[PDB]
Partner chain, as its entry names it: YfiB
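The form deposited without the partner chain is given below as one chain in structure tokens.
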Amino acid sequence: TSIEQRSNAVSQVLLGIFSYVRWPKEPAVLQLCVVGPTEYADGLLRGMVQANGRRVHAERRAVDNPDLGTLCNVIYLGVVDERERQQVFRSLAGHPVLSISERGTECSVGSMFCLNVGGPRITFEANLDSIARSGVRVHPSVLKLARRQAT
């Protein structure tokens, strides 16, 4: 599976996940921030559209932007260090933000979902603590998407 192939797939898995999530004040345009170095975010940085027609606007922002929490609805988190990671999740505390990381190491440190972009399919894990404190509602059937992503 090539990088273009995986990036495209990451896009559709992210749409999949978004469809199980609700924000307390649903915006007309869903804002996505890509934070830190990423390999697979070029597809989602094109912008996306959800099944109901709501647009997902994407852009990159710096790790140390203190207003990440009010600047977006969704965070796609790349490869950052301990300090940077702390920085980011302290910015998000108390705000209704969905967090997904590109690598599956981050479910232990604050990300709600962590992708494993490797093998034949994009799979992901989730973290209940981070989900519970996130300020958004995640429907538990989101794990249907994950389960089906093996085989």
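Numbering follows the first chain given and starts at 1. Throughout, rigid core stands for the largest set of C-alpha atoms superposing within 1.5 Å between the two forms.
When the other structures are laid on the shown form by the core, the C-alphas of 48-56 and 102-110 differ in how far they drift in 6 other deposited structures of this protein; the larger average drift belongs to 102-110. In this entry, the higher average B-factor at the C-alpha atoms falls on 82-90, of the pair 26-34 and 82-90.
133-141 and 8-16 differ in mean CA B-factor, and the higher of the two is recorded for 133-141.
In the PDB entry, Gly110 places in the middle third of its chain by CA B-factor. Among the modelled residues of its chain, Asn52 has a C-alpha B-factor that falls in the highest third according to the deposited record.
Looking at the C-alpha B-factors along this chain, the one for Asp67 belongs to the highest third.
One more form of this protein should be noted, the form deposited with the partner chain bound, which is absent from this view; the next part is about it.
Contact annotation for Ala51: at least one heavy atom lies within 4.5 Å of the partner chain in the bound PDB entry. Although the partner is absent from this view, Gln31 stays clear of the partner chain in the bound PDB entry, with no non-hydrogen atom inside 4.5 angstroms. Heavy atoms of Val10 never reach within 4.5 Å of the partner chain in the bound PDB entry, leaving it off the interface.
At the 4.5 Å threshold, heavy atoms of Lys25 stay clear of the partner chain in the bound PDB entry, well away from it. Not one of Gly47, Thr70 and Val88 is positioned with any heavy atom within 4.5 Å of the partner chain in the bound PDB entry.
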